[PDB]
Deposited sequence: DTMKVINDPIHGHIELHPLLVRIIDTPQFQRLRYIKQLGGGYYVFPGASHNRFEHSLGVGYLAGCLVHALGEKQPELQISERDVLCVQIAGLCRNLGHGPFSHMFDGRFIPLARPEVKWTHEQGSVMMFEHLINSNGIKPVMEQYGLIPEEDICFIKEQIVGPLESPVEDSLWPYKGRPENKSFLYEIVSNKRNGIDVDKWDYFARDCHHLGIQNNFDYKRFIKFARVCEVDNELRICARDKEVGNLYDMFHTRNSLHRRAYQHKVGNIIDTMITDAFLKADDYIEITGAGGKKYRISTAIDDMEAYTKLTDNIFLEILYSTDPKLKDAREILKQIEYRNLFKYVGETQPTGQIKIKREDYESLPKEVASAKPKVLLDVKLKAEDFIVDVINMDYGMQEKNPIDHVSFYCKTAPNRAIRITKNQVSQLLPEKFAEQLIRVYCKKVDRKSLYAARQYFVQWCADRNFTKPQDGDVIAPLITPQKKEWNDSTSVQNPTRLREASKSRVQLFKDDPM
């Protein structure tokens, strides 16, 4: 076994250590070739054909770049080849838990199919990783390259999911190596190599000329002591670039990841999966059969759960799958559920997850006072609530970043928002509410618009942008508008 070189369009030629190659050449990893990074986004942005596989390689590569850069500039950190390989492996493997169409699966499908369960792709990644290691005899190979499976497997899982009270909650590495936990999935502030890869890769595919300059950030990164931990610190000068990184993230969510049509296509696919869930069988361990919604309980079954489910349903002839198949066929003909509009709660108002189901009922209960041919019911409405933030709810992630200055490179400091600019956001979280109608004819749509705008007025939400055009009889009643 020797190093392989791979040509990636984002990073160029990258070198992979043979242990990494061994982990990649498994069914559990190769699975990620059949899961679209952006899920239903490909149905809106035709360049977004990329899958989780190539993203994972990039994350693994960038994780290696950063840990090598720190070790070269600061030999006193005693970063070992063992540390480098463990960080790269965590980087490679943090996307292993994604399901069909990525965020569709755990953001929409699982919550509806298994409301009792608490599932995230991160937990899935840890379980899949364990299954990958055990199923393929990787532990001996790890030992052969100087890794200590007991500690290092724990370290890898902690890097992905966080600690499995205390000053130091981690067991895989001690406080003097704290900075290693900030590379792959940064729980403190969200600044990690996962974002850096997807910014560049998603932009390249989407046709958007945006990214964060990660090479710059790597050149200016240092490890300093912060409250008895050794942490990664950014050069003070870079603070503006970090605010820009979160702005870019939010832009990409607005333009692409939460595109109103990309979301409704995800919703339609989720609907098809719900109607197919009783009939599709996935074989897991010992020949046991699982459903789409229960394959998450057996990694051997989950290994075989990919975007392929979409086509299996679409190409089925079984009459049982007729309803699921019809929804997918509507997607192919582009007969989609119709977007009605968008609004936001005002100021500090927030809607909660428990209430999401009551919203279609509220919209249908509005009493516009316009002449309507058709009356709509709760089941005709879809109400999608989207949380937009800087990765930490209402918190400013830059308040959780440590910096150093050129005159004192070993001394960590904090920089507040007011020390940077007044042109920055005054809030770091908000909600968008999108309403769609499942009845697509002209009269239903007209009615849906009247209900929607009336509902906005009753709730004191913001005036939809086209409110005066879509509901000219409703908007005058609200003088605030």
Open item on the list: Let me make sure I understand the coverage. Which parts of the deposited sequence, in order from the N-terminal end, have no C-alpha coordinates here?
Closed with: 165-169, 487-514
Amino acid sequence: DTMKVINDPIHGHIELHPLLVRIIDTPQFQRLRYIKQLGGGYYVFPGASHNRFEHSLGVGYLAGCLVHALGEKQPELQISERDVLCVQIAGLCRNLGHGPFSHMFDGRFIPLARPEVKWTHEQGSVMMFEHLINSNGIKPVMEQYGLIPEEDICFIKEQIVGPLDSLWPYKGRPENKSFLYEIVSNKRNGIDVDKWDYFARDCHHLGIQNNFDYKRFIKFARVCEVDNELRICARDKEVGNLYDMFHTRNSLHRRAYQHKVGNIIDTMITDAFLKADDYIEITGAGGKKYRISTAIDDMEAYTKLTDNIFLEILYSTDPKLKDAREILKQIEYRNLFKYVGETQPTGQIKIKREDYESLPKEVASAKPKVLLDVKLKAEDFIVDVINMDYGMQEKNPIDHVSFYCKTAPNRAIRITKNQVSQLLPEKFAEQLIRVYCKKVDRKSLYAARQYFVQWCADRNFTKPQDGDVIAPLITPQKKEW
From here on, numbers count along this sequence of modelled residues.
Open item on the list: Quick check: 424-432 versus 439-447, which has the larger average CA B-factor in the record?
Closed with: 439-447
Open item on the list: When the Cα temperature factors in the entry are averaged, is it 272-280 or 301-309 that ends up higher?
Closed with: 272-280
Open item on the list: So if I compare the CA B-factors in the entry for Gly207, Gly262, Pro163, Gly240, which one is the largest?
Closed with: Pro163
- [ ] From the list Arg334, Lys195, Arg254, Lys322, select the residue with the highest C-alpha B factor recorded in the entry.
- [x] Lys322
- [ ] Going by the recorded CA B-factors, say which third of the chain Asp202 sits in, lowest, middle or highest.
- [x] lowest
- [ ] Can you work out whether the C-alpha temperature factor of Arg22 puts it in the lowest, middle or highest third of the chain?
- [x] middle
- [ ] Looking at the entry's B-factor column for C-alpha atoms only, identify whether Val59 ranks in the lowest, middle or highest third of its chain.
- [x] lowest
Open item on the list: When the deposited Cα B-factors of this chain's modelled residues are ordered and cut into thirds, is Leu38 in the lowest, the middle or the highest one?
Closed with: lowest
Open item on the list: Where does the C-alpha B-factor of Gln30 rank in its chain, lowest, middle or highest third?
Closed with: lowest
